[PDB]
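Peer 1:
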Amino acid sequence: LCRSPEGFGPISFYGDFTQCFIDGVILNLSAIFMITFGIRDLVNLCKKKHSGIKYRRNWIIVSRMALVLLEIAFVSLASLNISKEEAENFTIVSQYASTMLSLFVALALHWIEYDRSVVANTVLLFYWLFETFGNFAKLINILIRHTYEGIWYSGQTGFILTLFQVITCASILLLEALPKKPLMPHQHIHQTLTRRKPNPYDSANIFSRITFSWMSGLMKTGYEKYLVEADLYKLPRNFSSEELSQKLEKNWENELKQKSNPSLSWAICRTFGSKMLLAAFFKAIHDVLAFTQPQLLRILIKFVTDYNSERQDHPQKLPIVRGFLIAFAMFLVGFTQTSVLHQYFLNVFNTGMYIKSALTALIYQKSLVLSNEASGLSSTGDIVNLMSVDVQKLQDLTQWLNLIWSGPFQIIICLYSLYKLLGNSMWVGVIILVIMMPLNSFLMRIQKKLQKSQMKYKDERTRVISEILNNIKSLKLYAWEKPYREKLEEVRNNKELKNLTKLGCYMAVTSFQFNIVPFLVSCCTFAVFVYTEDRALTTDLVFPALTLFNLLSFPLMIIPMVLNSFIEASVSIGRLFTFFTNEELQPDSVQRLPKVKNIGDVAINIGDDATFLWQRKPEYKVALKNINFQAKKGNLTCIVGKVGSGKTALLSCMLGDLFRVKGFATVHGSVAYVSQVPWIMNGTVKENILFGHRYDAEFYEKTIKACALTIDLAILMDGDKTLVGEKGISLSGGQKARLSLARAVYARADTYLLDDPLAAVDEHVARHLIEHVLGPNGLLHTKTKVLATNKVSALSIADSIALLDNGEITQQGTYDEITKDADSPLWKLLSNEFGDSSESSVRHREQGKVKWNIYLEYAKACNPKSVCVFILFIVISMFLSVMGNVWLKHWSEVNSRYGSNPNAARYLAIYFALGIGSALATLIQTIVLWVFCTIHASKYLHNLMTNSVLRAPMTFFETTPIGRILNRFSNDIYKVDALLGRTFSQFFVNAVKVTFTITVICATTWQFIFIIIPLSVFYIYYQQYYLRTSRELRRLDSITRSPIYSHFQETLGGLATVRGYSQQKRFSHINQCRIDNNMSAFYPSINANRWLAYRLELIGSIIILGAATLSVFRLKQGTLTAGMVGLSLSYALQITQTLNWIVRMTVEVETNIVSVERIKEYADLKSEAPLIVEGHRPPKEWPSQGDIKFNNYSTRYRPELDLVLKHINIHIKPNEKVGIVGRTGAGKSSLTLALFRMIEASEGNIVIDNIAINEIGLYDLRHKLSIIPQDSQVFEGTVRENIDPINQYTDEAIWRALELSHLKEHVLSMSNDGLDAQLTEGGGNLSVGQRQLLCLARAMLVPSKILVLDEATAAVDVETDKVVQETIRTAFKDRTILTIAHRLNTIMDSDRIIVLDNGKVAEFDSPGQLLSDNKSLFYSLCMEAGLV
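Heads up: the sequence shown is residues 12 to 324, 336 to 852, 863 to 875, 928 to 1512, going by the entry's author numbering.
#1: Could you tell me the alpha carbon to alpha carbon distance between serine 224 and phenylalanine 48, rounded to whole angstroms?
#2: Consult DSSP for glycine 18 and reduce its assignment to one of helix, strand or coil.
#3: Could you say which of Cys13, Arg14 and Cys31 lies nearest to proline 21 if we only look at CA atoms?
#4: Do you know how far the Cα of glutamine 1091 is from the Cα of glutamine 469?
#5: How many whole angstroms separate the CB atoms of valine 951 and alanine 945, which I take to be in contact at a CB cut-off of 8 Å?
#6: Output needed for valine 134: all residues of its chain with C-beta closer than 6 Å, excluding positions within five of it in sequence on either side, in chain order.
#7: Hey, how far is the Cα of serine 1032 from the Cα of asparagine 1371?
#8: Run through the DSSP bridge pairs and tell me what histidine 690 is partnered with.
#9: List the residues that DSSP assigns as beta-bridge partners of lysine 495.
#10: To which residues of the same chain is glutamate 1241 closer than 6 Å at the C-beta, ignoring the five residues directly before and after it?
#11: Go through the segment 1340 to 1412 residue by residue and report every complete run of the beta strand (DSSP E) that reaches 3 residues or more, in order.
#12: Looking at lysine 60: is its Cβ nearer than 9 Å to the Cβ of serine 113?
#13: Any idea what DSSP makes of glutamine 931, helix, strand or coil?
#14: Here's a check: name, in chain order, each residue in its chain whose Cβ is nearer than 7 Å to the Cβ of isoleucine 1330, leaving out the five neighbours to either side.
#15: Out of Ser575, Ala782, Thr402 and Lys313, which one is the CA nearest neighbour of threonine 560?
#16: Between which two residues does the beta strand (DSSP E) carrying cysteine 13 extend?
#17: Within its chain, find whatever has a CB closer than 7 Å to the CB of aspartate 1344; leave out the 5 residues flanking it on each side and keep chain order.
#18: Check the C-beta distance from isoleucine 1128 over to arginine 1158 and give it rounded, since I have them as a contact under 8 Å.
#19: Suppose you measure from the CA of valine 413 to the CA of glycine 797; what does that come to, to the nearest Å?
#20: Considering only the beta carbon of each residue, do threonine 532 and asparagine 446 sit closer than 9 Å?
#21: Between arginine 1476 and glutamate 1300, how many whole angstroms is the CB-CB distance? I'm expecting something under 8 Å.
#22: Just curious, the beta strand (DSSP E) that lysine 1273 is in, first and last residue?
#23: Assuming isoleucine 1304 and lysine 1312 make a contact with CB atoms under 8 Å, what is their CB distance in whole Å?
#24: Find out if the Cβ-Cβ distance for the pair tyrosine 1167, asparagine 407 is shorter than 9 Å.
#25: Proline 209 by DSSP, collapsed to three states: which one?
#26: Rounded to the nearest angstrom, what separates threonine 706 and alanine 719 at their Cα positions?
#27: Would you identify the three-state DSSP class for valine 1288, choosing helix, strand or coil?
#28: Helix or strand or just coil, what does DSSP make of residue 853?
#29: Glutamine 1133: which of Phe115, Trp701, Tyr982 and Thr29 sits nearest, CA to CA?
#30: Among all the DSSP beta bridges, which residues are the ones paired with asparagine 1329?
#31: So for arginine 682, helix, strand or coil by DSSP?
#32: Less than 8 Å between the CB of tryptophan 163 and some heavy atom of the ligand SAH, yes or no?
#33: Between the alpha carbons of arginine 1119 and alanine 1165, how many angstroms are there, rounded?
#34: If I'm right that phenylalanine 1359 touches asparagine 493 with Cβ under 8 Å, what's the distance once you round it to whole angstroms?
#35: Around the C-beta of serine 594, are 16 or more other C-beta atoms found within 10 angstroms, so that it is buried, or is it exposed?
#36: Whole-angstrom Cβ separation of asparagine 152 and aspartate 27, contact assumed at under 8 Å?
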């Protein structure tokens, strides 16, 4: 529209913008950009802000002002220079005018910003960079025109001035974008405590908020140490859960009010929607910028094949420069694509986190407010699952909410992008891509079914091994290791792995299908383009088509996922909306009033003709009817009735729970409350006493003495610091009641509503306590007390007792008055300071280099000669696909050289037989991974692990808890089973694809080897940082995400008390703090992903520039064809995504190969003695009779503990029915364990009939020694096994044993199955005592010369005891026995009783002598017990 050699050309004949477009739009929009936004910011920063916190005029502003004055002088001087020659030009002179007019405002911002702002302004960065971009484009223009036409577009002075306007504007932009530091001024500090610094997202110039460079200070720390939970950064400005919850609550309340038919979905959209349109806009920009990368590739190939065709042999010879400016546009497009995609991810994940912390914290307030009946409809599981999972859906719908349209938008501008390029014959490709979706659904469904079956089989295996880990003592005692370990091998090696090779086969099939369809689209649409009525198929119609098909593949495999998530979230929103409309406590129930009433002990609260109800559903009338009663201040008033007839109902009414129909209901002062079933929160008992109150020590001792729990305080091993575990695992009913009452009294409330706490406390303690706290002489004498009881003494102590019935008041009067009224229910029955409160946020071991030896152990366990084949076929499956593309390149070049397609069939066939090779190689490599590599390791790790756990010294089982030693058989085997096998594939198939991409690019342009080295260094840098910090920032996400629900269900358990103490605020703030403590660790967790992805995608787009400018140099050297720049650059476009998987899967390896370390930790545990040596007498015990002969015997439980036995030398006689007894804490209980070598013999030995047992081995010894463990153990299974693993005895033998054990009938009792009746622990089992008879049957079935009888320390049925004694004295008549009976009665009738004390054999054989020898120690305990 203005005079110039070329008009308003966006792109000149060369590759640049024309001089009438550079300063006509690019350098004119920036100026109006300021005159619209920067002036607004100038107003805003100088309209309400006025301070001097920002430090003095440092040299940074001293330089920015100078480099703006020079810049404005240069703009004016360039206008002056152009005013002389080439003067009359509207666009240029107008651009100069608007330019200095806007640069003055830029100077103004530079002045105001440095005081009234700490964040570098956004406008004065984006404008002030657009200035540099426009001036740089103009300089490039006046260089291109000079080099290609001799003339200068400006006159060799405008050149110098524009070069300066570039060289200063860029320098001053870098000066503005890299400020020194904030708050340098003499101010000392804002937060003196400085517990957690404010996160750097605030105080981060827009460049840092775009390049995510504000985390590069956390990462470094996270790389050089583990990240303790107090090493993170607090939430940004507007992430506090209070703000979000209150915003959403206000909006949703307006929703319930105005919109007649409300909906929570609109309440969420109307609130957190303005941050979603921005994400949608960024997604649209990224989608547009993603489908102009192929267009630029197509343009570059067309340019190359035109330039070469021209140089073979003058109307405007093609300029080489255009090549570079299509090799640079491909970099700008990629860079802006990453910088806009990651802004979309940030602005969508933030809206995700604005619902996981504004609905998580808004469910809790409802739960405190909702009425009782709706609480009881679904008690605890569903309500906590309503935000453990039913909100994680709403926090994941956001990630796939823009793909409702951005899926049907990457498709339209891809189908159209292909139709303009590849003609009408693209449809036969998209039809394949569609009709493969049902196959993907089919395969994923079958894979899910196989995963379910495999998980069920794993549960079966883990229960079978849980039984062993539970009764390992019995297992080692009976020598049942092998014949009941092969019972686990028969599950793993036969039923479980057979459901893993099939899973491997189907994973191989789906991997093959995921590697052929990407190639079966391009080949099958070329096969139609060539043959149908068409034209040449040249290089610029194939290599763009490959990229377009690849970009089309993704938006089609996310259509099922998005709709699945959408339907799931619709269900979840239905659940939430039916939650948020229940009846909520109807707060007009009780009119609470302060306790300023009086000092003369007036009636606190009144019920006049009151008719309360649980809720307006049935029982809504007779819940509580016609109430008229007082409660007196400072007088213990009590109500008594039968169960639920008005006892708990009235108290629950006085708390405001129940609703009233008519009549006044008041309550004076703060109220304490003890629920009928007292509840204990999860924390230290001191916290329970305090219960969120200011700590007054002296009163704490006064209470702990008062409630008679100081004795229990001594009982607890930790005392006031004792952690009261989940639902009071460390407490029982009586201490629970006393603890609840202690909490109540320490609350020091002005009205005590005691709902029958006495029912679980000791009666002596009860009458001890009635006067300490309740009675007139108690500390709570001067406070009013309503009480529910059934005990009698309190009624006499009470003052104004009320007798009720069926939720109705019978009478109200004093004990003497009513007793004088001949009332059968009663007459015939026989000023302080309440505590304060305070609240706030609740809330080294340096890293080490990766463990490489574990990978080598996994390889050696993974058949190393067969893991080379896996990598070999990975290499082959990639090399064949690369050669398929090379053949595509050659065939396309042959098509382009000719007019038409010369030999369609031959080229097309040899191309097809080069993709099928790749897919087939992928199939075979995945099969070798599963069938040969993984399953041959999962069958060698677990085999070795279980073979070395079942042979660990019993001390090992004693020390470590069962909870973890079983975890390694549950998860650390499953993760090795079917979670680490594929994790090496996706990392090895992507550590080769990148290698071959680099190799094919370096083969086209060898100089590229100098770009990939400095890029690989930064790559490993960023990868190591992201690994070592994302592992932490994910662990810290997992740790702090459980206590949110572990606290919600805790609140749901005791809800009438938290509401009862009227401190609903404190628990709500506890929830808000527990939510912010999760967001504070989840924010860095995902912004770490953004940081890494930005770094890699930037690295992924320096290669595109590097492989397209080092390519055009080759072209200018005249050795480049169109194919050589189509192939290499079509791979270069793909390296971005495969540069993330190779990192993501490197994270997934690290969090999985820790499992193999845990396995190998156990697989080499120090074992016990060798099983079998030459000590092999035939009857499994050397003679048919056995007399154990000790000598010098002494040993210890553990190497550090004291000696259990001290130099014992005792000669037991054959078939001598001795009985070993001793008072507790003697070491007698571990004389069996030292007979079966379960604890090794330190000194001496145990010669059993002329042969010892030290040099014999366990398995041969432990055959013929029968024990009856103190805790009788039965395995999950059938009687046929629980009595014999060998089945070497006739079923008649088992039946005669059960008859002589008097338990043949009780097998058929529960189940008529015969012998294979079901047994387990939990469910199908015998009685709590019959297991003793069962173990007796086990002992008697083996014909045993020695039975080391042990008795349960707990109670037992004496009839079972005499049954056992009779059968062992009738079947073991001539047979040795060592009865270790704690109760002296069981062994006082034995043959030669012998007493042990502190590992010393004390007395001699004859028992009567021990009764009649200086009142011996045995006789001393005999008198003490009461048997003599």
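Where is the CB? At the ideal position from N, CA and C, for every residue including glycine.
Peer 2: Reading it off the structure:
#1: Looking up residue 224 in the sequence shown gives position 213. Looking up residue 48 in the sequence shown gives position 37. Cα to Cα, the separation comes out at about 25 Å.
#2: To locate residue 18, count along the sequence shown from 1; it is residue 7. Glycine 18 falls in the coil class under three-state DSSP.
#3: Position 10 of the sequence shown, counting from 1, holds the residue named residue 21. Ranking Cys13, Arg14 and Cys31 by Cα distance to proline 21 puts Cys31 first.
#4: Sequence index remark: in the sequence shown, residue 469 carries index 447 (1-based). Sequence index remark: in the sequence shown, residue 1091 carries index 1007 (1-based). A straight line joining the alpha-carbon of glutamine 469 with that of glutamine 1091 spans about 46 Å.
#5: The count along the sequence shown starts at 1 and reaches residue 951 at position 867. The count along the sequence shown starts at 1 and reaches residue 945 at position 861. The C-beta separation of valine 951 from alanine 945 comes to about 10 Å, leaving the pair out of contact by the 8 Å criterion.
#6: Counted from its first residue, the sequence shown places residue 134 at position 123. Closer than 6 Å at the Cβ level, and outside the excluded window around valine 134, lie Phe48, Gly49 and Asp52.
#7: As a working mapping, residue 1032 is identified with position 948 in the sequence shown. As a working mapping, residue 1371 is identified with position 1287 in the sequence shown. Those two C-alpha atoms are separated by around 26 Å.
#8: The residue labelled residue 690 in the question sits at position 668 within the sequence shown. Answer is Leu615.
#9: Sequence index remark: in the sequence shown, residue 495 carries index 473 (1-based). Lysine 495 pairs with nothing; no bridge assigned.
#10: On the sequence shown, position 1157 is the one that residue 1241 refers to. Closer than 6 Å at the Cβ level, and outside the excluded window around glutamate 1241, lie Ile938.
#11: Qualifying beta strand (DSSP E) stretches, in chain order: 1350 to 1352.
#12: Start at 1 with the first residue of the sequence shown, and residue 60 comes out as number 49. Start at 1 with the first residue of the sequence shown, and residue 113 comes out as number 102. Cβ atoms of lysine 60 and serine 113: not closer than 9 Å.
#13: By 1-based counting over the sequence shown, the position of residue 931 is 847. Here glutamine 931 sits in coil by DSSP.
#14: For the purposes of this step, residue 1330 is taken as residue 1246 along the sequence shown, with counting starting at 1. Taken in chain order, the residues that qualify are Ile1272, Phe1274, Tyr1277, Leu1319, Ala1336 and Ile1337.
#15: For the purposes of this step, residue 560 is identified with residue 538 of the sequence shown, where counting begins at 1. Proximity to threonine 560 across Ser575, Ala782, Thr402 and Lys313 peaks at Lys313, based on C-alpha coordinates.
#16: Walking along the sequence shown from the start, residue 13 turns up at place 2. That residue, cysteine 13, is in no beta strand (DSSP E); it is neither H nor E in DSSP.
#17: For the purposes of this step, residue 1344 is identified with residue 1260 of the sequence shown, where counting begins at 1. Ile1256, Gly1259 and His1260, listed in sequence order.
#18: Reading the sequence shown from its first residue, position 1044 is the one you call residue 1128. Reading the sequence shown from its first residue, position 1074 is the one you call residue 1158. Yes, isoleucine 1128 and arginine 1158 are in contact; Cβ-Cβ is about 5 Å, under 8 Å.
#19: For the purposes of this step, residue 413 is taken as residue 391 along the sequence shown, with counting starting at 1. For the purposes of this step, residue 797 is taken as residue 775 along the sequence shown, with counting starting at 1. Looking at the two C-alpha atoms, the distance is approximately 50 Å.
#20: Indexing the sequence shown from 1 puts residue 532 at position 510. Indexing the sequence shown from 1 puts residue 446 at position 424. No, the pair does not count as a contact, with Cβ atoms beyond the cut-off.
#21: Taking the sequence shown and counting its residues from 1, one reaches residue 1476 at position 1392. Taking the sequence shown and counting its residues from 1, one reaches residue 1300 at position 1216. Indeed they touch by this definition, with Cβ atoms about 6 Å apart.
#22: Position 1189 of the sequence shown, counted from the first residue, corresponds to residue 1273. 1272 to 1280 is the span of the beta strand (DSSP E), which, as asked, contains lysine 1273.
#23: In the sequence shown, counting from the first residue as 1, residue 1304 sits at position 1220. In the sequence shown, counting from the first residue as 1, residue 1312 sits at position 1228. Indeed they touch by this definition, with Cβ atoms about 6 Å apart.
#24: The residue given as residue 1167 occupies position 1083 in the sequence shown. The residue given as residue 407 occupies position 385 in the sequence shown. No.
#25: By one-based count along the sequence shown, residue 209 stands at place 198. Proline 209 falls in the strand class under three-state DSSP.
#26: In the sequence shown, counting from the first residue as 1, residue 706 sits at position 684. In the sequence shown, counting from the first residue as 1, residue 719 sits at position 697. C-alpha separation (whole angstroms): 16 Å.
#27: The residue given as residue 1288 occupies position 1204 in the sequence shown. Strand, per DSSP.
#28: What the structure lacks is residue 853: the chain is numbered 852, then 863, with the residues between left out.
#29: Looking up residue 1133 in the sequence shown gives position 1049. Relative to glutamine 1133, the option among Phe115, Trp701, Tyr982 and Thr29 whose CA is nearest is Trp701.
#30: Residue mapping note: residue 1329 aligns to position 1245 of the sequence shown, counting from 1. BP columns for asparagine 1329 point to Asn1275.
#31: By one-based count along the sequence shown, residue 682 stands at place 660. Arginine 682: strand per DSSP, three-state reduction.
#32: No copy of the ligand SAH occurs in the structure displayed, which carries no ligand at all.
#33: Walking along the sequence shown from the start, residue 1119 turns up at place 1035. Walking along the sequence shown from the start, residue 1165 turns up at place 1081. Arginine 1119 and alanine 1165 have their alpha carbons spaced roughly 9 Å apart.
#34: As a first step, residue 1359 is located in the sequence shown; it is residue number 1275 there, counting from the start. As a first step, residue 493 is located in the sequence shown; it is residue number 471 there, counting from the start. Right, their Cβ atoms sit about 7 Å apart.
#35: Sequence index remark: in the sequence shown, residue 594 carries index 572 (1-based). Buried, since its Cβ has 16 or more Cβ neighbours within 10 Å.
#36: Indexing the sequence shown from 1 puts residue 152 at position 141. Indexing the sequence shown from 1 puts residue 27 at position 16. 5 Å between Cβ atoms; contact.
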